[PDB]
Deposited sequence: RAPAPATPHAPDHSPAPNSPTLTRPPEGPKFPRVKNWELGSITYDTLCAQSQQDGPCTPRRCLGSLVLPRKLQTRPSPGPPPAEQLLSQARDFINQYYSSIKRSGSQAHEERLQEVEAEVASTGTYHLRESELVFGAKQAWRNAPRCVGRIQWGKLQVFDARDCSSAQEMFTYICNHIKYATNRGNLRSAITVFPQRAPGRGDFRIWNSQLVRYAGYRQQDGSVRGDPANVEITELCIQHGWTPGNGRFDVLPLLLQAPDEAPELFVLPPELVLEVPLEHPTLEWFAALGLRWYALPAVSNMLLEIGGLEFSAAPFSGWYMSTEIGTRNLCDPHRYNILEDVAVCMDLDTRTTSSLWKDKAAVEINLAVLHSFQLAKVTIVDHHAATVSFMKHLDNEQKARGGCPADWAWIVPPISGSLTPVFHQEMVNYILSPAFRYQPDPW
């Protein structure tokens, strides 16, 4: 039965009929909901996913049932029957990559889904070539602070061979150096990748904000190490518009959020290396990256500098510090002329996206726990909006770490 979906602020109701198109199971059952969990616990199969995708494509260009549509289905059928696999045309790959972003239930930035630069790198045969494609992606996407969304797609998985992989979780990441006494210098999220880098011959630094090299892997070969040229990595020093001591904290963040460990699935084909980038929403940096207790954990430092009463939770010292940190991020990115969006503007655009998709497709898969921002939740319109979460394909998925 199709869900009735209510907005509690406005009193409006919609019905999600799009979820009927879901062909893949999520983690929930009638006995228990696992919606808050971060990670998940043959030729006829491939052919039906392929046909479905080809049908989506020809529908998208208003050519369902055309000459071209019918011959393409026959091509895919012939290739799968003979070889167990098939290959996408570039225009199909472009459509597929935009659709995977459109379908991503955890992404609040999907108003932008139609504006995605797609780099075809399926003719890549070595880690060295991967690095060249990656440098061009970063160059294009960064665009001197006028950020532009992009994806680069490396060769698909093949039954015979190992995968193409980027070992790093993002193209730009700060090192996390574990101490002989358990603690971490830098970003604790990156301890393991930092150790792998050193293990593969990288000379580490000893700073809080050391940009990591890339570990890039061509099929069935040890990963190779490539240092990013410093001029390609745009960073923003953090300052606060009114609190002078904030700059003294020596905080900074990189401009480009470029996720590089997710699998892109299109028509049953799997692209194990397909890094994509957009621009940041300020709470990712200001709230999670800087204030998570298991990340840079700066809340106490800032609260102390603001002379707040740290001895009791009821002074709301954590809340006051977090606001000023998020304000510093916004101010600093605006001063540096680097694209950033605040959580109010982003969630308002996402509500417009929900409306657009209701009209276009009869629904929009959305994961409430990820869409609602990590500060000021109920001050944004998405908090009051019921959402239905489900998996459509094309999709971005998690995959195992290659080590």
Seminar exercise, completed: Residues of the deposited sequence that never got C-alpha coordinates are 1-29, 71-81
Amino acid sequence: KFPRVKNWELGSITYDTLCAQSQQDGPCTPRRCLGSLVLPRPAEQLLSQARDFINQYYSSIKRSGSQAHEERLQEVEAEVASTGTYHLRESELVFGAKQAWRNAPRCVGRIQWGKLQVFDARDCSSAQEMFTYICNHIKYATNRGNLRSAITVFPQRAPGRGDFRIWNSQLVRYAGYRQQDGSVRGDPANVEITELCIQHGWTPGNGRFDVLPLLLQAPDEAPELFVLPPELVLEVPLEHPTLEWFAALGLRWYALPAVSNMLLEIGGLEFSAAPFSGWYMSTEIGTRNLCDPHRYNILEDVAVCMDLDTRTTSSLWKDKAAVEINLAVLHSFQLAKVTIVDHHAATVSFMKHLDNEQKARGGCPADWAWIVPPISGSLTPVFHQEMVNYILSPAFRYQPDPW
From here on, numbers count along this sequence of modelled residues.
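So that the term is clear: the rigid core is the largest set of C-alpha atoms that superpose within 1.5 Å between two forms.
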Problem set entry | Outlying stretch relative to shown form, 372-380 versus 59-67 in 9 other deposited structures of this protein, C-alpha RMS (core) | 59-67
Seminar exercise, completed: Core superposition done, the stretch whose Cα atoms deviate more in 9 other deposited structures of this protein, picking from 104-112 and 154-162, is 154-162
For this session: Quick one: say whether 185-193 or 280-288 has the higher mean Cα B-factor in the deposited entry.
Result: 185-193
For this session: Determine, for stretches 312-320 and 199-207, which one has the higher mean CA B-factor as deposited.
Result: 199-207
Exercise. Which one, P229, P155, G96, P275, has the peak C-alpha temperature factor per the PDB entry?
Worked result: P229
Problem set entry | Identity of residue with top Cα B-factor, from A346, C364, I371, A43 | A43
Exercise. Compared with the other modelled residues in the chain, in which third is the CA B-factor of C28?
Worked result: middle
Exercise. Considering only modelled residues of the same chain, in which third does the CA B-factor of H353 rank: lowest, middle or highest?
Worked result: lowest
Problem set entry | Third of the chain's Cα B-factor distribution that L335 belongs to, per the entry | highest
Exercise. Based on the entry's values, in what third of the chain does the Cα temperature factor of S260 lie: lowest, middle or highest?
Worked result: lowest
Exercise. If you rank the chain by CA B-factor, which third does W101 end up in: lowest, middle or highest?
Worked result: lowest
